[PDB]
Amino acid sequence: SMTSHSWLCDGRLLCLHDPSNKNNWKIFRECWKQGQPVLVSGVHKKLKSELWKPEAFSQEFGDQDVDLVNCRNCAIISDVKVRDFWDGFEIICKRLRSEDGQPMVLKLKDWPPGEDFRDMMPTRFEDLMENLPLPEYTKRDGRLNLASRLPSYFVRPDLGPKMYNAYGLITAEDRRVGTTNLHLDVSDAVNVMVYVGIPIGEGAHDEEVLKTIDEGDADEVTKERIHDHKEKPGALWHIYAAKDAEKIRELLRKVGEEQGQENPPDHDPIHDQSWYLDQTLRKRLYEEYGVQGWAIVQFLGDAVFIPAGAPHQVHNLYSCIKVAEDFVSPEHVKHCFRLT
């Protein structure tokens, strides 16, 4: 039976089932005012699937110049062609190689660049914006988005959306690395998984994805979405409540000291965007500071709602295309105010 919603993270996470249900707002707002993230599944069934394929990005835009990041070590690969990234998205042997002769795990930095998404890709822009869930919150002019309505006393988000493209992390050592390191935004965000690429050549990588989800501390209902329904998993997220940000700063100041970093006692390890919380650091954050997070697996078509001020990190299990829009809900507008 088609149902309106379910719960993940043992009841701590709302999962809405129909992205276009006009009554979503009634369940959504109860959870959102309490500072929780929310998941909406099925957005991929609303989209034109041919507009979101790696092969088509390569053909249409492959000649543009870009920088990439080597996710394993943060090294910047400068001034290459965007086809150099896309033609290795799913075929491993076509990937740029590091000195060691290994195929690199790469992230495409700032593409499309700045606020250029709509100008470069007007048809993708339309397909996405017309199908975002909770549209009164998420559309540029929605009645519950204050982005277009606030004076300069508030930090207003850029015109989006923004596109997040990166390979999947592979090995046992990769389990300790992030696609996007622990950070926080002053605006709310909605992030949609539009494409998951499962590679080939070194295809038969199914078993280390399971250990990563397991060690990622993912709930039993989430492991059931793989083993029973055969959905494509994209990324492992950890999100923490905005109210826990300072305790996370205290932990990362202590661990920095232990690892011989030399930092002024007020410096902000979350704004630095230099940390990924592996299993050891998450266990410590729980035991030593009493802080619990949400572990979330974003499958193809899953929309993840991130509250303003909430520290979060992302780890791609396979190759992903994500598109994200920033917005300013009344529930969380305190987080972008420039005074007190």
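The term rigid core refers to the maximal set of C-alpha atoms that superpose within 1.5 Å between the two forms. When you see a residue number, it is the position in the sequence shown, counting from 1.
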Query raised in the report: What stretch shows more C-alpha movement in 8 other deposited structures of this protein relative to this form, 229-237 or 185-193, after the core is superposed?
Result: 229-237
Requested in this report: Just give me the stretch that moves more in 8 other deposited structures of this protein: 93-101 or 124-132, judged by RMS C-alpha distance after a core fit.
Outcome: 93-101
Query raised in the report: When the C-alpha temperature factors are averaged for each of 125-133 and 196-204, which stretch ends up with the higher value in the entry?
Result: 196-204
Query raised in the report: Got a sec? Mean C-alpha B-factor, which is higher, 59-67 or 308-316?
Result: 59-67
Query - C-alpha B-factor winner, where the candidates are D185, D219, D84, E246 - result: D219
Query raised in the report: Based on the PDB record, which member of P269, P157, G234, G178 exhibits the highest Cα temperature factor?
Result: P157
Report summary line: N73: CA temperature factor from the record, placed by chain third, in the highest
**Report entry** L150 CA temperature factor, ranked by third within the chain
**Finding:** middle
Query - Among modelled residues of the same chain, the CA temperature factor third for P103 - result: middle
Report summary line: So, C336's CA B-factor, relative to its chain, sits in which third? The lowest
Requested in this report: Report the third (lowest, middle or highest) to which the CA temperature factor of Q292 belongs, ranking only the modelled residues of the same chain.
Outcome: highest
